[PDB]
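Shown next: target36.csv, given as CSV, C-alpha atoms.
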chain,number,residue,atom,x,y,z
A,194,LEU,CA,-14.7,-4.5,19.0
A,195,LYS,CA,-11.5,-4.6,16.8
A,196,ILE,CA,-10.2,-1.1,16.0
A,197,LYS,CA,-10.1,-0.5,12.2
A,198,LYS,CA,-12.1,-3.8,11.5
A,199,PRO,CA,-13.5,-2.6,8.1
B,1,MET,CA,-2.0,20.7,-15.7
B,2,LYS,CA,-4.1,18.7,-18.2
B,3,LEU,CA,-4.7,15.2,-16.5
B,4,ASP,CA,-6.8,13.6,-19.3
B,5,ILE,CA,-8.3,11.0,-16.9
B,6,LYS,CA,-9.6,7.8,-18.7
B,7,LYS,CA,-11.6,4.9,-17.0
B,8,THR,CA,-9.4,2.0,-18.4
B,9,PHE,CA,-11.3,-0.8,-16.5
B,10,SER,CA,-14.0,-1.0,-13.7
B,11,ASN,CA,-14.9,-4.2,-11.8
B,12,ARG,CA,-17.6,-4.7,-9.1
B,13,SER,CA,-16.7,-7.1,-6.3
B,14,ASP,CA,-16.4,-7.6,-2.5
B,15,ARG,CA,-14.5,-4.8,-0.6
B,16,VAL,CA,-10.9,-4.4,-2.0
B,17,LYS,CA,-8.4,-3.9,0.8
B,18,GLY,CA,-5.1,-4.5,-1.2
B,19,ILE,CA,-4.2,-3.7,-4.8
B,20,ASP,CA,-1.0,-3.8,-6.9
B,21,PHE,CA,0.1,-3.5,-10.7
B,22,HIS,CA,2.2,-6.2,-12.4
B,23,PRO,CA,5.2,-4.4,-14.0
B,24,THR,CA,5.2,-6.1,-17.5
B,25,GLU,CA,1.7,-7.8,-17.8
B,26,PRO,CA,-1.5,-5.7,-18.1
B,27,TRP,CA,-2.6,-7.3,-14.7
B,28,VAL,CA,-3.9,-5.8,-11.4
B,29,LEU,CA,-3.9,-7.9,-8.1
B,30,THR,CA,-6.9,-7.2,-5.8
B,31,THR,CA,-7.1,-8.6,-2.2
B,32,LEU,CA,-10.7,-8.8,-0.9
B,33,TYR,CA,-12.4,-8.6,2.6
B,34,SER,CA,-14.2,-12.0,1.8
B,35,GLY,CA,-10.8,-13.9,1.8
B,36,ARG,CA,-10.7,-14.0,-2.0
B,37,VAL,CA,-7.7,-12.6,-4.1
B,38,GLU,CA,-8.2,-11.8,-7.8
B,39,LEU,CA,-5.8,-11.2,-10.8
B,40,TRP,CA,-7.5,-9.1,-13.6
B,41,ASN,CA,-6.2,-8.2,-17.1
B,42,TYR,CA,-7.5,-4.5,-17.1
B,43,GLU,CA,-6.7,-4.1,-20.9
B,44,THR,CA,-8.7,-7.2,-22.0
B,45,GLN,CA,-11.2,-7.0,-19.0
B,46,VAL,CA,-10.6,-10.8,-18.5
B,47,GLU,CA,-10.0,-12.4,-15.1
B,48,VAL,CA,-6.6,-14.2,-15.2
B,49,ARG,CA,-6.9,-16.0,-11.8
B,50,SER,CA,-8.9,-15.9,-8.5
B,51,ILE,CA,-8.1,-17.9,-5.3
B,52,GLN,CA,-10.2,-18.3,-2.1
B,53,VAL,CA,-7.1,-18.0,0.3
B,54,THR,CA,-9.0,-17.9,3.7
B,55,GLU,CA,-12.4,-16.7,5.1
B,56,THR,CA,-10.9,-13.7,7.0
B,57,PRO,CA,-10.0,-10.3,5.3
B,58,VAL,CA,-6.7,-10.3,3.2
B,59,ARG,CA,-5.7,-6.6,3.7
B,60,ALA,CA,-2.2,-6.7,2.0
B,61,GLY,CA,-1.2,-8.0,-1.5
B,62,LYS,CA,1.9,-7.4,-3.7
B,63,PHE,CA,3.4,-9.0,-6.8
B,64,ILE,CA,7.0,-10.5,-6.8
B,65,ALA,CA,7.1,-10.5,-10.6
B,66,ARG,CA,10.9,-11.6,-10.6
B,67,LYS,CA,9.7,-15.0,-8.9
B,68,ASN,CA,6.2,-14.9,-10.7
B,69,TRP,CA,4.6,-14.9,-7.2
B,70,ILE,CA,1.9,-13.0,-5.4
B,71,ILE,CA,2.3,-12.5,-1.6
B,72,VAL,CA,-0.9,-11.9,0.5
B,73,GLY,CA,-1.3,-11.1,4.3
B,74,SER,CA,-4.6,-12.0,6.1
B,75,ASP,CA,-6.4,-11.4,9.6
B,76,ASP,CA,-5.8,-15.2,10.2
B,77,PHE,CA,-2.1,-14.2,11.0
B,78,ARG,CA,-0.7,-15.8,7.8
B,79,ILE,CA,1.5,-14.7,4.9
B,80,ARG,CA,0.8,-16.9,1.8
B,81,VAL,CA,2.7,-17.0,-1.5
B,82,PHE,CA,1.3,-18.3,-4.9
B,83,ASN,CA,2.9,-18.8,-8.3
B,84,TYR,CA,0.4,-16.8,-10.5
B,85,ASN,CA,1.1,-18.9,-13.7
B,86,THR,CA,0.0,-22.3,-12.1
B,87,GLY,CA,-1.9,-21.4,-8.9
B,88,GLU,CA,0.6,-23.6,-6.8
B,89,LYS,CA,0.9,-22.2,-3.2
B,90,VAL,CA,4.7,-21.7,-2.5
B,91,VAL,CA,4.6,-21.0,1.3
B,92,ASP,CA,1.9,-20.5,4.0
B,93,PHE,CA,3.2,-19.4,7.5
B,94,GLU,CA,1.9,-17.7,10.6
B,95,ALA,CA,3.8,-14.3,10.4
B,96,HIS,CA,2.2,-12.5,13.5
B,97,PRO,CA,-0.2,-13.5,16.3
B,98,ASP,CA,-2.6,-10.6,15.1
B,99,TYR,CA,-3.9,-9.0,11.8
B,100,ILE,CA,-1.4,-8.3,8.9
B,101,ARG,CA,-2.1,-4.7,7.7
B,102,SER,CA,0.6,-4.2,5.0
B,103,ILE,CA,3.3,-6.0,3.0
B,104,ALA,CA,6.3,-4.3,1.2
B,105,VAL,CA,8.7,-6.1,-1.2
B,106,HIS,CA,12.4,-5.1,-1.4
B,107,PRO,CA,13.2,-4.2,-5.0
B,108,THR,CA,16.6,-6.0,-5.5
B,109,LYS,CA,16.9,-8.3,-2.4
B,110,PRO,CA,14.7,-11.4,-1.4
B,111,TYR,CA,13.2,-9.4,1.5
B,112,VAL,CA,9.5,-8.9,2.5
B,113,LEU,CA,8.3,-6.7,5.4
B,114,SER,CA,4.9,-7.3,7.1
B,115,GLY,CA,3.2,-4.6,9.3
B,116,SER,CA,0.7,-5.9,11.9
B,117,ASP,CA,-1.6,-5.2,14.9
B,118,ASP,CA,1.0,-7.2,17.1
B,119,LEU,CA,2.8,-3.7,17.1
B,120,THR,CA,5.8,-4.9,15.0
B,121,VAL,CA,7.3,-5.0,11.5
B,122,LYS,CA,8.9,-8.4,10.6
B,123,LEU,CA,11.6,-9.0,7.8
B,124,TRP,CA,11.3,-12.3,5.9
B,125,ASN,CA,14.0,-13.8,3.6
B,126,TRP,CA,12.7,-16.1,0.8
B,127,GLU,CA,16.3,-17.2,-0.1
B,128,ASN,CA,16.5,-18.5,3.6
B,129,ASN,CA,13.2,-20.5,3.3
B,130,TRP,CA,11.2,-17.4,4.5
B,131,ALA,CA,13.2,-17.1,7.8
B,132,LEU,CA,12.3,-14.2,10.2
B,133,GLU,CA,15.6,-12.2,10.0
B,134,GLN,CA,14.5,-9.2,12.2
B,135,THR,CA,11.6,-8.0,14.4
B,136,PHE,CA,11.3,-4.1,14.5
B,137,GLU,CA,9.9,-3.4,18.1
B,138,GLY,CA,9.1,0.1,19.5
B,139,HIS,CA,5.7,1.2,17.9
B,140,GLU,CA,2.8,1.5,20.5
B,141,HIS,CA,-0.3,0.5,18.4
B,142,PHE,CA,-1.3,-1.2,15.0
B,143,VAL,CA,1.4,-0.9,12.2
B,144,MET,CA,-1.0,0.1,9.4
B,145,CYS,CA,1.5,0.7,6.6
B,146,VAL,CA,5.1,-0.4,5.7
B,147,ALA,CA,7.1,1.3,2.9
B,148,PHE,CA,10.8,1.0,1.7
B,149,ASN,CA,12.5,4.3,0.7
B,150,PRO,CA,12.6,3.6,-3.1
B,151,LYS,CA,15.8,5.8,-3.2
B,152,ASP,CA,17.4,3.7,-0.4
B,153,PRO,CA,15.5,0.4,0.6
B,154,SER,CA,18.2,-0.3,3.3
B,155,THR,CA,15.7,2.0,5.1
B,156,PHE,CA,11.8,1.7,5.4
B,157,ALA,CA,9.1,3.8,7.1
B,158,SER,CA,6.3,2.3,9.3
B,159,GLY,CA,2.9,4.2,9.6
B,160,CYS,CA,1.2,3.4,13.0
B,161,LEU,CA,-2.0,4.3,15.1
B,162,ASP,CA,0.3,5.3,17.9
B,163,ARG,CA,0.3,8.4,15.6
B,164,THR,CA,4.1,8.1,14.8
B,165,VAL,CA,6.0,7.3,11.7
B,166,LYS,CA,9.2,5.4,12.5
B,167,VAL,CA,12.1,5.2,9.9
B,168,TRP,CA,14.3,2.1,10.5
B,169,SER,CA,17.6,0.7,9.0
B,170,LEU,CA,17.7,-3.1,8.1
B,171,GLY,CA,20.0,-4.8,10.8
B,172,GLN,CA,19.4,-2.0,13.4
B,173,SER,CA,16.8,-2.6,16.2
B,174,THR,CA,16.4,1.1,17.2
B,175,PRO,CA,14.7,3.5,14.7
B,176,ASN,CA,16.8,6.2,12.8
B,177,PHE,CA,14.1,8.7,14.0
B,178,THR,CA,10.4,9.0,15.0
B,179,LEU,CA,8.0,11.6,13.4
B,180,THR,CA,5.4,12.7,16.0
B,181,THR,CA,2.7,13.5,13.3
B,182,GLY,CA,0.1,15.3,15.5
B,183,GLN,CA,-2.5,13.1,13.6
B,184,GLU,CA,-4.2,12.0,16.8
B,185,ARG,CA,-6.6,9.5,15.2
B,186,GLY,CA,-3.4,7.6,14.0
B,187,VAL,CA,-1.5,7.0,10.7
B,188,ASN,CA,-3.3,4.8,8.1
B,189,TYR,CA,-0.6,5.2,5.4
B,190,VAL,CA,3.0,6.4,4.7
B,191,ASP,CA,4.8,6.7,1.2
B,192,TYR,CA,8.0,8.3,-0.1
B,193,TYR,CA,8.4,11.0,-2.8
B,194,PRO,CA,10.4,8.8,-5.3
B,195,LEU,CA,12.4,11.5,-7.3
B,196,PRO,CA,15.6,13.1,-6.0
B,197,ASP,CA,14.6,16.8,-5.9
B,198,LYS,CA,12.8,16.6,-2.5
B,199,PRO,CA,13.4,14.4,0.7
B,200,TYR,CA,9.6,14.1,1.2
B,201,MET,CA,7.4,11.6,2.9
B,202,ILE,CA,3.5,11.8,3.1
B,203,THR,CA,1.0,10.4,5.7
B,204,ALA,CA,-2.8,9.9,5.8
B,205,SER,CA,-5.0,9.8,9.0
B,206,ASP,CA,-8.5,9.2,10.4
B,207,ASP,CA,-8.1,12.9,11.5
B,208,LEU,CA,-9.0,13.9,7.8
B,209,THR,CA,-5.5,15.4,7.3
B,210,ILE,CA,-2.6,14.5,4.9
B,211,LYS,CA,0.9,15.8,6.0
B,212,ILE,CA,4.1,16.3,3.9
B,213,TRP,CA,7.4,15.4,5.8
B,214,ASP,CA,11.0,16.4,5.2
B,215,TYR,CA,13.1,13.5,6.5
B,216,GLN,CA,16.3,15.7,6.6
B,217,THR,CA,14.7,18.4,9.0
B,218,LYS,CA,12.0,16.1,10.6
B,219,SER,CA,9.4,18.9,10.1
B,220,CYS,CA,5.9,19.2,8.5
B,221,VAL,CA,6.2,20.9,5.1
B,222,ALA,CA,2.4,21.1,4.5
B,223,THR,CA,-1.0,19.9,5.7
B,224,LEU,CA,-3.6,18.9,2.9
B,225,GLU,CA,-7.2,19.2,4.2
B,226,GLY,CA,-9.6,18.1,1.4
B,227,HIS,CA,-11.5,15.0,2.7
B,228,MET,CA,-14.8,14.9,4.8
B,229,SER,CA,-14.0,11.5,6.4
B,230,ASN,CA,-11.1,9.0,7.1
B,231,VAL,CA,-8.1,9.4,4.7
B,232,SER,CA,-7.1,5.8,3.8
B,233,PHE,CA,-3.9,6.6,1.7
B,234,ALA,CA,-1.9,9.5,0.2
B,235,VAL,CA,0.9,8.7,-2.4
B,236,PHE,CA,3.3,10.6,-4.8
B,237,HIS,CA,2.8,9.5,-8.4
B,238,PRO,CA,6.2,8.3,-9.8
B,239,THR,CA,6.2,10.5,-13.0
B,240,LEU,CA,3.4,13.1,-13.0
B,241,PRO,CA,3.7,16.1,-10.5
B,242,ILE,CA,0.7,15.0,-8.4
B,243,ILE,CA,-0.4,13.4,-5.1
B,244,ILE,CA,-3.4,11.0,-5.2
B,245,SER,CA,-5.4,10.7,-1.9
B,246,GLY,CA,-8.4,8.4,-1.2
B,247,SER,CA,-11.0,8.6,1.6
B,248,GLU,CA,-14.0,6.7,3.1
B,249,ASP,CA,-15.8,9.8,1.6
B,250,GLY,CA,-15.7,7.6,-1.6
B,251,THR,CA,-13.6,10.2,-3.5
B,252,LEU,CA,-10.0,10.2,-5.0
B,253,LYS,CA,-8.4,13.7,-5.1
B,254,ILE,CA,-5.4,14.7,-7.2
B,255,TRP,CA,-3.2,17.5,-5.6
B,256,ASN,CA,-0.3,19.5,-7.3
B,257,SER,CA,2.8,18.0,-5.5
B,258,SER,CA,4.5,21.5,-5.8
B,259,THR,CA,1.7,24.0,-4.9
B,260,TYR,CA,-0.6,21.5,-2.9
B,261,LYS,CA,-3.7,22.9,-4.9
B,262,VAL,CA,-6.5,20.4,-5.9
B,263,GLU,CA,-6.3,19.5,-9.6
B,264,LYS,CA,-9.4,17.2,-9.6
B,265,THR,CA,-11.9,15.5,-7.2
B,266,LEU,CA,-12.9,11.9,-8.6
B,267,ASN,CA,-16.3,10.7,-7.3
B,268,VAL,CA,-15.7,7.1,-8.6
B,269,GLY,CA,-19.1,5.7,-7.4
B,270,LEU,CA,-17.9,2.5,-5.5
B,271,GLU,CA,-18.2,4.1,-1.9
B,272,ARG,CA,-15.3,4.0,0.6
B,273,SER,CA,-11.7,4.1,-0.9
B,274,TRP,CA,-9.3,1.7,1.0
B,275,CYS,CA,-6.1,1.2,-1.1
B,276,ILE,CA,-4.0,2.6,-4.1
B,277,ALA,CA,-1.5,1.3,-6.6
B,278,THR,CA,0.6,3.2,-9.2
B,279,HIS,CA,2.1,1.4,-12.2
B,280,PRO,CA,5.8,0.9,-11.4
B,281,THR,CA,7.2,1.9,-14.8
B,282,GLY,CA,4.4,4.6,-15.2
B,283,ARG,CA,2.9,2.8,-18.2
B,284,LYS,CA,0.0,5.2,-19.4
B,285,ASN,CA,0.6,6.8,-15.9
B,286,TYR,CA,-1.8,3.9,-14.8
B,287,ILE,CA,-3.3,4.3,-11.3
B,288,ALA,CA,-5.9,2.0,-9.5
B,289,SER,CA,-7.8,2.2,-6.2
B,290,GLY,CA,-9.7,-0.5,-4.2
B,291,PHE,CA,-13.2,0.3,-2.8
B,292,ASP,CA,-16.2,-1.2,-0.8
B,293,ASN,CA,-17.9,-2.1,-4.2
B,294,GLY,CA,-14.8,-3.1,-6.3
B,295,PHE,CA,-11.8,-1.4,-8.1
B,296,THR,CA,-11.2,1.0,-11.0
B,297,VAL,CA,-8.0,1.3,-13.2
B,298,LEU,CA,-7.4,4.9,-14.6
B,299,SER,CA,-4.9,6.2,-17.2
B,300,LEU,CA,-3.6,9.8,-16.9
B,301,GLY,CA,-2.3,12.1,-19.7
B,302,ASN,CA,1.3,13.5,-19.9
Serialized structure, structure tokens:
Amino acid sequence: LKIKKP
Amino acid sequence: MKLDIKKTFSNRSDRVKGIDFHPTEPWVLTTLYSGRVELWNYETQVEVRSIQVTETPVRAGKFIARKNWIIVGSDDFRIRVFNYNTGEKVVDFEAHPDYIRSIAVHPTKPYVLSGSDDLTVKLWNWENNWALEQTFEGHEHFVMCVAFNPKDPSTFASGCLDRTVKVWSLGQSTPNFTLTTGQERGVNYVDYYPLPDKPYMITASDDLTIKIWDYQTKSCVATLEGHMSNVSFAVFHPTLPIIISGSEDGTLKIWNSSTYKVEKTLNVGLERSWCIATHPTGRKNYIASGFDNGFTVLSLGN
């Protein structure tokens, strides 16, 4: 999971 | 104060991650999560231009009105430049090996900074065919936000999820100083107070706080606690005595930049607030913010 994806 | 808020233009779209005002045309540049960028005439309500740039998010987007360009930074690692009169792409280069969070444009010099998840800020010179002139290394997580001191753009501040602000000098590899913000969820945004009467910087964090910083004393002037989820941005308006903050709580708040008391809470109705622009000349004190469900352009009374 990418941190700060949105 | 009397703020006399007017809804100039509202547009529904994909999630807006970047937003910027043209300084002499009634245009706003929006940079969308779908990989689309849009130029809107917010006075006429007519779309001037839209370009599918990639399929990944394009988080950062500025004008370079002096070159009639737009510059955009995407999760595909690339900075792309387009002439907005023709649509011609000017350059398209891999700027970082990771996501590009923010772009700032030097006011007088042909210099662009990019902030990225690769933990660095990179300086590009478009009068040297977009050559990498410097890599600012030292930050320990994602550089979320890059901002030139508008009083001295020989210096810029970088907002980072390592929970520090670093202030650098162009041509110097080590920071002038590091602000340990105590915003333990990281720093999403950093801006400068643009007028000469205070040496102030502002930060926003996932920790629901906004913090006022004196770059002379390196201390926290004030903490502004008025959001119920992630604070995406906090900026000083360039004419009115206000701060505008925006949150994933879907609200824009206007604070008194002297007393730090709330003037107005704006429930704009487009869900999560991601980005902010202020009109560079302060034409109609115009502000705009990018949201999950589009953007809104607002005019503020004197």
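Among the candidate residues B:160, B:121, B:297, B:201, the one lying nearest to residue B:235 is B:201, with distances computed using all atoms listed in the file.
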Would you mind listing what lies within 10 Å of residue B:124 as a VMD selection string, with only C-alpha atoms counted and same-chain residues fewer than 5 positions away left out?
-> chain B and resid 95 105 110 to 114 129 to 135
Got a sec to pull out which chain A residues are within 10 Å of chain B, counting only C-alpha atoms, and send them as a PyMOL selection string?
-> chain A and resi 196-199
Just to be explicit: take each residue in the selection above, keep C-alpha atoms, and write the result as a PDB file, in the coordinates of the input.
ATOM      1  CA  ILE A 196     -10.200  -1.100  16.000  1.00  0.00           C
ATOM      2  CA  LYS A 197     -10.100  -0.500  12.200  1.00  0.00           C
ATOM      3  CA  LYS A 198     -12.100  -3.800  11.500  1.00  0.00           C
ATOM      4  CA  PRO A 199     -13.500  -2.600   8.100  1.00  0.00           C
TER       5      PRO A 199
END
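Reported to one decimal place, the separation of atom CA of residue B:65 from atom CA of residue B:36 is 20.1 Å.
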All residues 7 Å or closer to residue B:296, all atoms listed in the file, same chain fewer than 3 positions away omitted, as a PyMOL selection string = chain B and resi 9-11+288-289
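Of note, atom CA of residue B:154 and atom CA of residue B:78 are spaced 24.9 Å apart.
Picture a line from atom CA of residue B:102 to atom CA of residue B:122; it runs 10.9 Å.
Distance check against residue A:195 using only C-alpha atoms: of B:98, B:67, B:205, B:174, the minimum falls on B:98.
Counting all atoms listed in the file, residue B:136 has the following residues at most 10 Å away, ignoring those fewer than 5 positions along the same chain: residues 113, 115, 119, 120, 121, 122, 123, 158, 166, 168, 169, 170, 171, 172, 173, 174 and 175 of chain B.
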Point (-2.9, -5.0, -5.1), cut-off 6 Å, counting only C-alpha atoms, residues as a PyMOL selection string | chain B and resi 18-20+29-30+61-62
Contact residues around residue B:246 with all atoms listed in the file at 7 Å, ignoring same-chain residues under 3 positions, as a PyMOL selection string = chain B and resi 231-234+251-253+273
Find the spatial neighbours of residue B:16, counting all atoms listed in the file, within a cut-off of 6 Å - ignore same-chain residues fewer than 2 positions away - and output them as a list in words.
-> residues 18, 31, 32, 290, 291 and 294 of chain B
Create the file for the chosen residues now, containing C-alpha atoms and written as a tab-separated table (two decimals), in the frame of the given file.
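And here's result16.tsv as it stands now:
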chain	number	residue	atom	x	y	z
B	18	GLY	CA	-5.10	-4.50	-1.20
B	31	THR	CA	-7.10	-8.60	-2.20
B	32	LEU	CA	-10.70	-8.80	-0.90
B	290	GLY	CA	-9.70	-0.50	-4.20
B	291	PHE	CA	-13.20	0.30	-2.80
B	294	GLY	CA	-14.80	-3.10	-6.30
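Between residue B:162 and the candidates B:179, B:244, B:208, B:1, the tightest atom-to-atom separation, counting all atoms listed in the file, involves B:179.
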